[PDB]
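**Q** Before anything else, here's the structure in question.
Positions of Cβ are backbone-derived with ideal geometry, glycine not excepted, and every protein chain shown enters the neighbour counts. Any read-out appearing in this document is the output of simple, stated calculations on the displayed coordinates, not a laboratory observation.
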Amino acid sequence: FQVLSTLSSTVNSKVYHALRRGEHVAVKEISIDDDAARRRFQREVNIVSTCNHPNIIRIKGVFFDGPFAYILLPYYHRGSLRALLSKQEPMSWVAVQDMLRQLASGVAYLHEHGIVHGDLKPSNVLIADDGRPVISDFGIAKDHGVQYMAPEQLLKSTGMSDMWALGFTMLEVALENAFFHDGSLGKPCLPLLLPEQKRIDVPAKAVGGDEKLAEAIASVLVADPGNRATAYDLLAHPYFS
């Protein structure tokens, strides 16, 4: 493969933008000479390769050269949901519903396979060529793809804290799109949970008038994780069902 650029660099990790035979790919390079590193690599690859879902990032291949491992991942020219929001162009509310349902379906799949993502946000939701959302930035795909921290994390990561992050992802998409459709709503600010607050209030007016969308978001922005909707609960909500 032919390397175009370095998309990210840490210690003991690089991610490259490459052209492997006419096709664009992301390539993560790591050293696995050490047994501890090799076992960590196996766990992180298996977290991702466990998944077989259209809305979860897929590994294209892994190959070895001496002590180095190369993990081939898709390169998505359309970028992330963050990049889409930064364009500030109105999006169809029907397409938004379909995108958010697929995203919630991906999260449900992760949780059903015992995987906590830990860092769901617009930057980590990639947009495939056909427009579908693709969850990345977990397991070995870490580095391929704040109000977002669940209250209980301010005092580890669980399925519940994922649902809080998904709620704020949904909320940022909805607040921004509503503004893009109706500039008289004003530039939106993401709310913060104040001490001794039960839940984030989501007025239908702020998310474009869709009461079902507001209620779906509100069901996961509950301060008490035991009272928060699960991913399966959220998919059963009228907005999605």
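**Q** Using a cut-off of under 14 Å, list every residue of region 203-235 whose amide N is near the label point 7 Å from the Cα of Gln197 along the Cα-to-beta-carbon line.
**A** Output list for this probe position: 203, 218, 221-224.
**Q** With a Förster radius of 22 Å, plug the Cβ-Cβ distance of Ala83 and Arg39 into 1/(1 + (r/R0)^6) and report the FRET value to the nearest 0.05.
**A** 0.05
**Q** Here is a further query. To the nearest 20 Debye, how big is the dipole of the chain about its Cα centre, given +1 on the beta carbon of each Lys and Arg and -1 on that of each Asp and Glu?
**A** Computed about the Cα centre, the dipole is about 420 debye.
**Q** Here is a follow-up. For region 220-234, just list the computed ³J(HN,Hα) in residue order, Karplus coefficients 6.51, -1.76 and 1.60, θ = phi - 60°, integers in Hz, with x standing in for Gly and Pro.
**A** Coupling constants for region 220-234: 9, 9, 9, 5, 6, x, x, 9, 8, 4, 7, 4, 5, 4, 4 Hz.
**Q** With Cβ to Cβ distances under 15 Å as the rule, what net charge do the other residues near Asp182 carry (K, R +1; D, E -1)?
**A** Here the count lands on -1.
**Q** Which net charge results when you count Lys and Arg as +1 and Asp and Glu as -1 among the other residues whose beta-carbon is under 12 Å from that of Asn55?
**A** With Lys, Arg at +1 and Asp, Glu at -1, the net is +1.
**Q** Further question: State whether region 2-74 is rounded, prolate or oblate according to the following rule on the C-alpha gyration tensor (a ≥ b ≥ c being the square roots of its eigenvalues): a/c under 1.5 gives rounded; otherwise a/b larger than b/c gives prolate, and the remaining case gives oblate.
**A** Verdict is oblate for region 2-74.
**Q** Return the Rg/Rh ratio of the chain with Cα-based radii and a Kirkwood Rh.
**A** That ratio is 1.00, to two decimals.
**Q** Can you give the local net charge around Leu103? Use residues other than it whose beta-carbon is closer than 13 angstrom to its beta-carbon, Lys and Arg +1, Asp and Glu -1.
**A** Result for the neighbourhood of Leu103: 0.
**Q** Taking a 24 Å limit on the Cα-Cα distance, which of the listed pairs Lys60/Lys156; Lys87/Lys121; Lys14/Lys87 fall beyond it?
**A** From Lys60/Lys156; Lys87/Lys121; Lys14/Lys87, over 24 Å: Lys60/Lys156; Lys14/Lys87.
**Q** For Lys28, go through the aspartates and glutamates and keep the ones whose alpha-carbon is under 14 Å away, minus same-chain ones fewer than eight residues off.
**A** Correct list for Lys28: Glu44, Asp65, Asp137, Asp143.
**Q** Measuring from centroid to centroid over Cα atoms, what is the spacing of region 80-152 and region 31-60 in Å?
**A** 19 Å
**Q** Moving on. Read phi for every residue in region 90-104 and hand back ³J(HN,Hα) as whole Hz from Karplus 6.51 cos²θ - 1.76 cosθ + 1.60, θ = phi - 60°, with x for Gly and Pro.
**A** x, 10, 4, 5, 6, 5, 4, 4, 5, 4, 5, 5, 5, 5, 4
**Q** Per 5 Å bin, what is the whole-percent P(r) computed from every C-alpha pair distance within region 180-241?
**A** Pair shares across the bins are 4, 17, 22, 23, 18, 11, 4, 0.
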